[PDB]
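One structure is given here, and the rest of the page talks about it.
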Ligand SMILES: [Ca+2]
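In the entry's author numbering, the protein residues as written are 10 to 50, 57 to 87, 92 to 121, 125 to 154, 167 to 321.
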């Protein structure tokens, strides 16, 4: 908190976790790339899973945001399937690295590959994982068991970019009665990642930022699948975004100040503990 205030050498260097999805025709589609090279005034090379990607590169804009030069030359945050196929991604987590050649600066990141039939479970972070940092009791066990049954937890954050790396540590350092938070991408509300390449629509919203994020996530999947199975949040604005994103009302969970989880569709007040007891009824194992 007081580090940025005075150190001042903490502009964001890093990458926001990337999501890629294999379509049924074997093509690849990804969410927008958001990578920043801190205090750099250029080409960028990529290395995935400790393997350099030959003849693929990004450029940087004066403001610091990077993009893919792709001809129809348009500056693209979403690379083409041909670029993404050169990554040779594996299912689940992949290590990705970007090297800006000015000297040479390196940022490491995460890039996830899902199949079009993957079922995701969304979880807000502030107020949903954290308790207004204290964590709600028993969430790690629940989320762990949800992940065991075949779903992929996706975390949602609206914190400024300079807290992104911090946020990754907090989630990954949580321990409850031996359980930990399943690894998954932390998506960022588009209002926290503004740049010339994405001003167009983000600039013109208010509380639809979460909904815009959920639909940017929906659109890397084919329109004929409902990839978002369930949602965890703590404000009614979370439920509204889940509802407009196609999540059935029975799979929307909203926690309040005293850790009471309302299952909207059932008009049932519950808890992470009780929801975990019914994990197989509420989150049935996937084949
Ligand atoms: Ca919240």
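Yeah, the Cβ is synthetic: ideal placement off N, Cα and C, and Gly gets one too.
- Residue 296 and residue 302 have their C-alpha atoms some 6 Å from each other.
- Beta bridge pairing from DSSP links residue 265 with 144, 286.
- In the three-state reduction of the DSSP assignment, residue 228 falls in the coil class.
- Between the stretch 74-85 and the stretch 133-147, the count of C-beta pairs closer than 8 Å stays below three; the two stretches do not touch.
- A residue is listed when its beta-carbon falls short of 6 Å from at least one non-hydrogen atom of ligand 1; in chain order these are 146, 148, 149, 150, 268, 269.
- Residue 215 and residue 300 have their C-alpha atoms some 26 Å from each other.
- By alpha-carbon distance to residue 43, the top candidate from 178, 220, 305, 242 is 220.
- Counting C-beta pairs closer than 8 Å gives fewer than three between the stretch 232-242 and the stretch 198-209, which falls short of the contact rule.
- Of the other Cβ atoms in all chains shown, fewer than 16 fall within 10 Å of the Cβ of residue 130; this residue is therefore exposed.
- Straight-line measurement puts the Cα of residue 70 at about 24 Å from the Cα of residue 22.
- DSSP places residue 181 in the helix class (H, G or I) of the three-state scheme.
- Inter-residue distance for residue 115 and residue 238 is about 32 Å (C-alpha atoms, whole angstroms).
- By the CB criterion at 8 Å, residue 93 and residue 72 fall outside the cutoff.
- Here residue 188 carries a strand assignment [DSSP, helix/strand/coil].
- Counting along the chain, residue 119 sits inside no alpha helix (DSSP H); it lies in the beta strand (DSSP E) bounded by residues 111-120.
- Taking residue 249 as the centre and dropping the five residues before and after it, the same chain places the C-beta of 279 closer than 7 Å to its C-beta, in chain order.
- In this structure, the alpha-carbon of residue 320 lies about 27 Å from that of residue 104.
- A straight line joining the alpha-carbon of residue 217 with that of residue 86 spans about 36 Å.
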